[PDB]
Amino acid sequence: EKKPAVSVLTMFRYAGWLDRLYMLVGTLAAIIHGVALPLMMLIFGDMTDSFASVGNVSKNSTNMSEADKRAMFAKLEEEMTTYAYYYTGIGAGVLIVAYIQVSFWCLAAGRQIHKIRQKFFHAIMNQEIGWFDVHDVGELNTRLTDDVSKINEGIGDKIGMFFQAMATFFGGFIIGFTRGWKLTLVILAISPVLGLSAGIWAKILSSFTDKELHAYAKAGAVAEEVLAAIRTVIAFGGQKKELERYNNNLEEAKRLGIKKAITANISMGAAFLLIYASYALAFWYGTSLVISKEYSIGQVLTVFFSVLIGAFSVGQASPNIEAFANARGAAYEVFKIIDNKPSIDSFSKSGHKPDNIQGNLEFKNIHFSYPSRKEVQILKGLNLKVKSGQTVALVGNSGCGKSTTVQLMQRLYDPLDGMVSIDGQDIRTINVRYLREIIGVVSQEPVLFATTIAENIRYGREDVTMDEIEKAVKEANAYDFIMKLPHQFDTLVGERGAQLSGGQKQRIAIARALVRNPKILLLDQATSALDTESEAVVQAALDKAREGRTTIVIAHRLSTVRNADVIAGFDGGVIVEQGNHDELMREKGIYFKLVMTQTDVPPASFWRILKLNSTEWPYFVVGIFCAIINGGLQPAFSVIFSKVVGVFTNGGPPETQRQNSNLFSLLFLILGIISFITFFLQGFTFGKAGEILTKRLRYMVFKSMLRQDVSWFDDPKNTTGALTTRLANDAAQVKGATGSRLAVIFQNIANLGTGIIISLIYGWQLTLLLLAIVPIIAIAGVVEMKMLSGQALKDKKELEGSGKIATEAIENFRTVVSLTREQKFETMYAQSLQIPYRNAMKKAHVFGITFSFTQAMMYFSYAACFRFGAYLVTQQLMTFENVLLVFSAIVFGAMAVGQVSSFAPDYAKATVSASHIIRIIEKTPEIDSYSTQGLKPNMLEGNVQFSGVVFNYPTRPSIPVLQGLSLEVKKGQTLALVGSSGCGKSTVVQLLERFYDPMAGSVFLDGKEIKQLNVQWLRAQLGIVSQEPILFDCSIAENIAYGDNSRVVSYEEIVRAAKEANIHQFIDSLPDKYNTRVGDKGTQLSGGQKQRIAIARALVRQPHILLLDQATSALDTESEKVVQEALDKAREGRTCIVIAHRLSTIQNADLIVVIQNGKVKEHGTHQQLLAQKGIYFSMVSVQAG
Ligand SMILES: [Hg+2]
Ligand SMILES: [Hg+2]
Ligand SMILES: [Hg+2]
Ligand SMILES: [Hg+2]
Ligand SMILES: [Hg+2]
Ligand SMILES: [Hg+2]
Ligand SMILES: [Hg+2]
C-alpha cells in the first residue's frame, strides 16, 4: 500500500506571520545547536595538540628538574585556560539556543493545531448527509484526534530536531575536510558499506516481522473462537480438545520467531563489526599521517569524531522525517474535509426565508436514489400534494420509499429529477436553516443528549425560557412523570444519567420540536419501537402536536392512522391509491391488505518470572558468559583508544610508535570480531530461550484459561478480546524480563563495573567527579522521560471532554442537522478546547527548559571534566592518556548501558505483562473441570432434585436471583419453568451444568449431591440445547461429533443423529451432503436449521437428561415446526427440563413450575394450573388477542 500526502508548502497554511517567525527563529537556533558539538570536537583536537606539543618534550629529555616544570606547564596553563573558557561558552550558548529551538517550534505548532481542530470540526459539521452515508463514522471520530495528533508530531519540535541534525551533518563533514580532508575521504569510502549494511537488514527484519503476525493469526483465530464460545466448550467438556488445536497451530510462530531472533542479532553484530572495522581503518591510517608530521594527534581526533558525529547525524534525523511525512499523510485526509464544499450548505445564507407559511406541500415528479446505490431507484415519478393544516399518512410495503419523503422534505438529500415545493416555492430556493427551523422531525428511535432535560429541550431553540419549557413539556404529556423524577428538570439524562423508558424519551423529543413552533411536522415511524401501552399516550401527544400544522407521517402500526385526513399507498416509489380510510378499505388495494392482517495493578517479582524460563537453564549460562564478554569490550575499547593516543600524547621513541599503534589499531578488529561473535551467540541462546518461553506460556495460559469456571468469563475484565490480547502479545513480552534482563545486567556490570575499577587506579581523583556526575546526567534523562509521559497523560486527558462533545455530535449527526444545532456543538467544541490551548502554550515553555537544562548540564559537565582533568596534568598527578582512559571508560561506558537498556524490550512493560500471565496460570477454579475425582456411578436413572437453592451471580452479588427454589424431576417426564423477568429460570440449566455453585441449598442427581460427582461426568449425561446454537467453523460431522468427545465416531453413527434431528432430509440435497464445510466460507444455514444441529449434537452423547433452554428463538415459520418435531422426538424417553416461553410447548408437559423472585408460586399440569386461575392462567389469556 502507498497512501497520498500533502505538498510541503500547503501544510503550513494556518501559520500566521507570527507562526512563520517562530519557525524561522526556531530553525536558526536549531542550526546553532547542530554545529555546537562539532566545535567541541574541533576544540578537543586543539586541546590534545597543546598536550602533544609538550607531552613528549618534558619526558624524553630533561632540560631542567624544576625550571623545566614551569617552562612547559606555564605554556599549557595559558593554552588550557582558553580551551576551558571555550568549553563553558558552548554550554552557555546551547542553553539559550536549545530553549529557542523547542519553545518556538512547539508554539508555532500549537497555534496551528488550535486552528486545525476548529477548522476540521466545523468542516465535519458542514458536510452533507449523503456524505455521512458513504464514510465510516468510527474512523472519522478517531480521525479527529489521531490524524490531528499525527500532524502535531511532524510540525512541532521534531522539525527543530531535524534542522539540528542536518546542521551537524554539514557542520561535521565541513570541519573534517577543512582541518584534514584525506582521512575523512577514507571514512566516507567505507560509510556507504555501513549505510548499505544497515538498510539490507531492515529489509530482512521487516521480512521476518510481517511473516510473524500471519503465523499466529492461525492460532489467535482459534483463541478468539473458543473464548467467545466458552459456554459451549465447558458445557461439552472439550477443554482438552481445544487445547490441542490451539497447540498444533502454535509451533509455526516459534520456529519463525527464532529466524528473527537469530537475524535480529546478526544485524546488530554485523553492523557493530563495521564500526570497529571502520575504527581501525581510520586509526591505522590516521596514525600513519601523524608519524610523518603531516597531521597532529588533535587533527585526527577531530576529523574522525566529527565525521562519525556528522555521519550518525543521519540516523538521528530518520524518525523526524518520518514524523513529518506521517504528518503530511494524516494532514491529507484532514485538509480534504476542510476544503470540501457541499451543495446543501447548512451554514450558507442564500435562499429566501418566507414568513407566514401556510404549509402547502407539493411533490412533483420526484425520482431519487440514495447515494450508496445510484443503480437502484427508490422513488420514480412520485407526485403528492398536502393541503395546509391537513394530515397525510404514507403506507406501503418494503423498499417503497416512504422514509425518503421525510429525508427529502428536510432536504437531507436533493432529488435527482422533479421538484419539492412549499407554498408553491421550490424547496431548493429557500434557506436551509430557516427551512429546518420551520420543520420539526420525530424520528423512529428517539435521541437524547448527555445533558439535563432543560438543555435537551434548549437544543430545539437556545433562547427558550423556563416558562416556555414547562408549557411545551405539558403539551407533550411529559410533565407529570418529570415531576416524579429525583431532580425534576435538572435531572441528568443520556448515556451518563438515569435511563428513561422508550415512551418517555420520545415525548421529550416532541417537546424539542414543539419549542421550535414549526409550521410543518414530520414523523418518521414515530411509534414503531414502542409497545401498546406507551404508544397510546404518545399518540395523544402527537395528535395534540398536529393541531393546526401540516403533517406528513411515515406510519407503521396502521390503527393510529384511521382518523387521518388522507392516506397514500406506495408501491415501488409510486403512489397507487389515495383517499380516506373507508375509501382504501373499499378499494381492496394495498392498504386494505395491511389493515386486515392486523385487524490493573498486580505485583509480580523478578525471581518468580525468571523461574518460568528455568527449564532452559543451559541457554541462560551461555548468555551470561556471552553477555559479560560483550560487556567487557566497552572498557577494552577505552584502553585501546587511550593506548593509541597515549603513544602520541605521553611520550615515546618513534621506533616503537609504529608497532604499538598498528597493534592497538588492529585490536579494534579483534573487538570488532568478538562483537560479531557475542551478538551471534547472544541471540542464539537468550534468543531461543525467549521463543521457547513464549510457546510454553501460551500453552500454559490457554490451558489454564479453559480450566477456569464461568464466573471468571462473566467478568467485565476477562472479555474474549482482552483475553486473546493477553494470550497473543502479553504472553510473548515476558522474555524481556527473563534472559534479556540478565543480558542487560551482566553487560552493564561487566562494562561499568570493570570500567569503574580501571579508572579508579589509573586516576582516583577524576573518577569521583565523573562517577558523581554520571548519576546526575542519567537522572535528567529519566525526568524528561517522566515529564514527557506525565504530560502526555495530562494533555490527552483534558482533550477527552472536547472529544466527548464531538463524539456526541458525529454519532448523532442526522439529529443535530434536523435541530440545526451544528453551530451549538461547534461553540461547545471550541469552548472545551480553550483549556488545553492555554495549557499547551506553557508546555512549550516547560519543555524548552527541560530540553535546555539537559543539554547544558552535559556541555557544562563536559567543561567541568576537561577543566578539572587539565588541572591534574599540570600538577604531574596523572597523564593525559589516563584522562582519556578515565573519560572514555566512564562516559563512553555510561553511554553504553543506555544504548543497551534502550535496545532491549521495555522491561517495565514486560514485568506487568508477566504479572498478568502468572495470575492466569496460577488461578485454580472453584469448579475444576480438569479434575478427575468424583463418584461417577453406574446408575443410569436420572432423578433430578433441587432443594432450596440460594444463588447470586458473583458478578452482581447485590441482586438476588434464586431464593429457596425447590423442584424435582422424575425420570423421563418434562418439567417446565416459567415466570416474569428476573425470575431465575435460566439459572437452573447453568446450576445443573454446574457452571456455578449455589450459596446455600443443594442440587442432587440420582439422590447424590452434584458437588460429590465428577464435573465432566456430570455434564457428560446432560444434553444442553442453547438458545442461539453456536456452530464452529468446521464440517457438519465434526460439529455434531463435538458433543461426545473422546469417541471413535464412525460413518454409521453420524447419520442416525441427523435423522432424529430432522436435518437428514434437508442435508441429503445440500452440495456434498454431510461433508459440507459450515462457517463464514461455506453455506449459511437458517436459524432453525442451526438449532437442529445443536440437537443432533446432544443426541450423539445419548444422555439421560436433556436441558432445553429457550430454544427456537427465531421467526423461521417453516423451520420452526421442523425444530419442534426434533425437540419432541428427543424428549420422549429422557428426563427433560425446559425453559419455556412458547405457550404451545408447555401445555403437554407433565409438570410446570411458575417462578417469581426465586420462589415457586404454583405448579401442576396444564389443566390444573389453568383451573388454578392464577399466574399461569394469566399467561395463556394474553395469546387470545
Ligand atoms: Hg512540543
Ligand atoms: Hg417501507
Ligand atoms: Hg552476549
Ligand atoms: Hg575529560
Ligand atoms: Hg424469566
Ligand atoms: Hg472445526
Ligand atoms: Hg421428557
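As recorded in the PDB header, X-ray crystallography is the method behind this entry, and the stated resolution is 3.300 Å.

K.L.:
So, the overall build of the chain: which residues are in play, and what are the values?
P.N.:
Tallying secondary structure elements over the chain gives 45 helices and 22 strands in all. With respect to the three principal axes, the spread of C-alpha positions in the chain is 130 × 90 × 55 Å. With 1185 residues in all, the chain has 50% of them scored as buried. With an accessible surface of roughly 56400 Å², the chain has 56% of that area assigned to carbon and sulfur atoms. Within the chain, the 107 negative side-chain charges are centred at a point lying 3 Å from the centre of the 120 positive side-chain charges.

K.L.:
Explain the packing of helix α29 (residues 739-762) against helix α34 (residues 880-901) to me, and be specific about the residues and the numbers.
P.N.:
The geometry of α29 relative to α34 is characterised by a closest axis approach of 9 Å and an angle of 165° between their N-to-C directions. When the axes of α29 and α34 are compared, the pair comes out roughly antiparallel. Crossing hand, α29 versus α34: left-handed. Here α29 contributes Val744, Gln747, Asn748, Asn751, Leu752, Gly755, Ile756, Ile758, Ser759 and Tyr762 to the contact with α34, which in turn contributes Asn882, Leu885, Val886, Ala889, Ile890, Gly893, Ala894, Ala896, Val897, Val900 and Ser901.

K.L.:
Just give me the short version of the UniProt feature "domain: ABC transporter" in the chain, but keep the residues and values in it.
P.N.:
Summarizing the sequence annotation, UniProt attributes the feature "domain: ABC transporter" to residues 361-597 and 944-1182 in the numbering used throughout. As a span, residues 361-597 carries 33% helix and 24% strand, and end to end its C-alpha atoms are 32 Å apart. A distance of 32 Å separates the end C-alpha atoms of residues 944-1182, which is 35% helix and 25% strand.

K.L.:
So what about the environment of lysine 260? Which residues, and what values?
P.N.:
Counting through the fold element by element, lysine 260 comes out in helix α13 (residues 252-291). Accessibility expressed as a relative area gives 30% for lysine 260, which makes it partly exposed. When the C-alpha positions of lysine 260 and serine 207 are compared, they lie 8.9 Å apart, and in sequence the two are 53 residues distant. Among residues more than four places away in sequence, those in contact with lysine 260 are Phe208, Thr209 and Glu212.

K.L.:
Give me the lowdown on the packing of aromatic side chains, citing residues and values where you can.
P.N.:
Enumeration over the complete set of coordinates arrives at 47 aromatic pairs. Taking 5.6 Å as the distance between ring centres and 75° as the angle between the ring planes, the aromatic pair formed by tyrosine 862 and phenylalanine 887 counts as edge-to-face. Placement of the pair is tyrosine 862 in helix α33 (residues 822-874) and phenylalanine 887 in helix α34, with a sequence separation of 25 residues. The exposure classification of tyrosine 862 matches that of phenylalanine 887, with both residues buried. Ring geometry for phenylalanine 866 versus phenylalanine 887: centroids 5.1 Å apart, planes at 50°, classification tilted. Taken as a pair, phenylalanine 866 in helix α33 and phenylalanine 887 in helix α34 lie far apart in primary sequence, 21 residues in all. Assessed through its relative accessible area of 3%, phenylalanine 866 is described here as buried. By relative accessible area, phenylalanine 887 is classed as buried at 6%. The ring of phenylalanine 335 carries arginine 13 above its face, with NZ or CZ at 4.3 Å from the centroid. The cationic tip of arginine 698 hangs over the ring face of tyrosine 216; the distance from NZ or CZ to the ring centre is 4.3 Å.

K.L.:
Break down the pattern of salt bridges for me, with residues and values.
P.N.:
For the coordinates displayed, the defined rule picks out 28 salt bridges. Note that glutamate 922 and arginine 608 form a salt bridge whose closest N and O atoms lie 2.5 Å from each other. Of the two residues, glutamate 922 sits in helix α35 (residues 907-922) while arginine 608 sits in helix α24 (residues 606-611), which places them 314 residues apart along the sequence. You can call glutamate 922 partly exposed: its relative accessible area is 47%.

K.L.:
Give a description of the environment of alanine 282 that names residues and reports values.
P.N.:
Structurally, the position occupied by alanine 282 is in helix α13. In the structure, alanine 282 is positioned 81 residues away from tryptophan 201 in sequence and 25 Å away in space, judged by C-alpha atoms.

K.L.:
How would you sum up α33? Please name residues and give values.
P.N.:
Here α33 is 53 residues long and its end C-alpha atoms lie 77 Å apart, about the 78 Å a rise of 1.5 Å per residue gives. In α33, a bend of some 30° at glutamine 834 exceeds every other bend along the element, and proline 836, a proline, comes one to four places later. Backbone geometry just downstream of α33 places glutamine 876 in the positive-phi region, at approximately 65°.

K.L.:
How would you explain the UniProt feature "binding site: ATP 2" in the chain if you had to name every residue and give the values?
P.N.:
The UniProt feature table records "binding site: ATP 2" at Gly979, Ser980, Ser981, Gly982, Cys983, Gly984, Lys985 and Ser986. In this view, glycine 979 contacts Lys985 and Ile1155; residues no more than four positions away in its chain are not counted. Examined against the element boundaries, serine 986 turns out to sit in helix α36 (residues 985-992). Given a relative accessible area of 25%, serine 986 falls into the partly exposed group. Discounting chain neighbours no more than four positions away, the residues touching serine 986 are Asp1109, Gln1110 and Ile1139.

K.L.:
Which residues make up the domain arrangement of the chain, and what values do they have?
P.N.:
When the parts of a complex come together, some accessible area is lost, and that lost area is often taken as the interface size. Taken domain by domain, the chain consists of domain 1 (1-350 + 600-932), domain 2 (351-599) and domain 3 (933-1185). Placing a centre on the C-alpha atoms of domain 2 and another on those of domain 3 gives a separation of 45 Å.

K.L.:
Outline the packing of helix α2 (residues 17-55) against α33, supporting the account with residue identities and numerical values.
P.N.:
Contact pair α2 / α33: the axes reach a minimum separation of 13 Å and the direction vectors enclose 5°. Between α2 and α33, the interaxial angle falls into the category roughly parallel. For the pair α2 and α33, contact is made by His33, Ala36, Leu37, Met40, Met41, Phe44, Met47 and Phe51 and by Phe851, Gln855, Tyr859, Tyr862, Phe866 and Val873, respectively. Grouping the amino acids of the contact of α2 with α33 by side-chain chemistry returns twelve nonpolar, two polar and no charged.

K.L.:
If you had to explain the sheet that holds strand β4 (residues 417-422) to someone new, which residues and values would you point to?
P.N.:
Spatially, β2-β1-β4-β5 is the arrangement adopted by the four strands of the open sheet, whose pairing is antiparallel. Pairing within the sheet leaves two strands with one partner each, and these edge strands are β2 (379-386) and β5 (425-426). As paired strands, strand β1 (residues 361-368) and β4 are joined by five bridges and run antiparallel to one another. Note on β4: the bridge partner recorded for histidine 367 is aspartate 417.

K.L.:
Outline the side chain of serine 661, supporting the account with residue identities and numerical values.
P.N.:
Mapped onto the fold, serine 661 is located in helix α26 (residues 657-707). Taking the relative accessible area as the measure of exposure, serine 661 reaches 2% and is therefore buried. In this structure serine 661 touches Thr287 and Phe648, once residues within four positions along its chain are discounted.

K.L.:
Before we move on, could you go through the nonpolar core and cite the residues and values that matter?
P.N.:
Counting residues in hydrophobic clusters, the biggest one holds 84 residues, and the most contacted among them are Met11, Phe121, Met409 and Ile422. Sorting elements by how many residues they give to this core places helix α4 (residues 69-126) first, with eleven residues. Taken domain by domain, the makeup of this core includes at least three residues from each of domain 1 (1-350 + 600-932) and domain 2 (351-599). For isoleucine 422, the residues in contact, after removing those within four places along its chain, are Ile357, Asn360, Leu361, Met409, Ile427, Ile430, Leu435 and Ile520.

About the cut-offs
Residues numbered from 1 in each chain as written, not as in the entry; some residues may be left out. Chains lettered and ligands numbered in written order. Heavy atoms only, no water. Helix = DSSP H or I, 4+ residues; strand = E, 2+ residues; numbered from the N terminus. Buried < 20%, exposed > 50% of the residue type's maximum accessible area, 1.4 Å probe, protein only. Areas by Shrake-Rupley, 256 points an atom, 1.4 Å probe, with all protein chains shown as cover. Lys, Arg positive; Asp, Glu negative; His and termini not counted. Charge placed at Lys NZ, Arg CZ, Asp CG, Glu CD. Axes fitted to C-alpha atoms, helices over the stretch in contact; angles between N-to-C directions. Parallel < 35°, antiparallel > 145°, perpendicular 65-115°, else oblique. Left-handed = near helix turned anticlockwise from the far one by under 90°. Contact = heavy atoms within 4.5 Å. UniProt positions renumbered as here; feature names shortened; annotations may be inferred. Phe/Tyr/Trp six-rings, centres within 6.5 Å; stacked < 30°, edge-to-face > 60°. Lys NZ or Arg CZ within 6 Å of the ring centre and 35° of its normal. Salt bridge = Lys/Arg side-chain N within 4 Å of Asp/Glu carboxyl O. Expected span 1.5 Å × (residues − 1). Bend = angle between axes of the 7 residues up to and from the residue. Domains from an automatic or database assignment. Nonpolar A, V, L, I, M, F, W, Y, C, P; charged D, E, K, R; others polar. Pairing = 2+ DSSP bridges. Core = buried A, V, L, I, M, F, W, Y, C linked by side-chain atoms within 4.5 Å.

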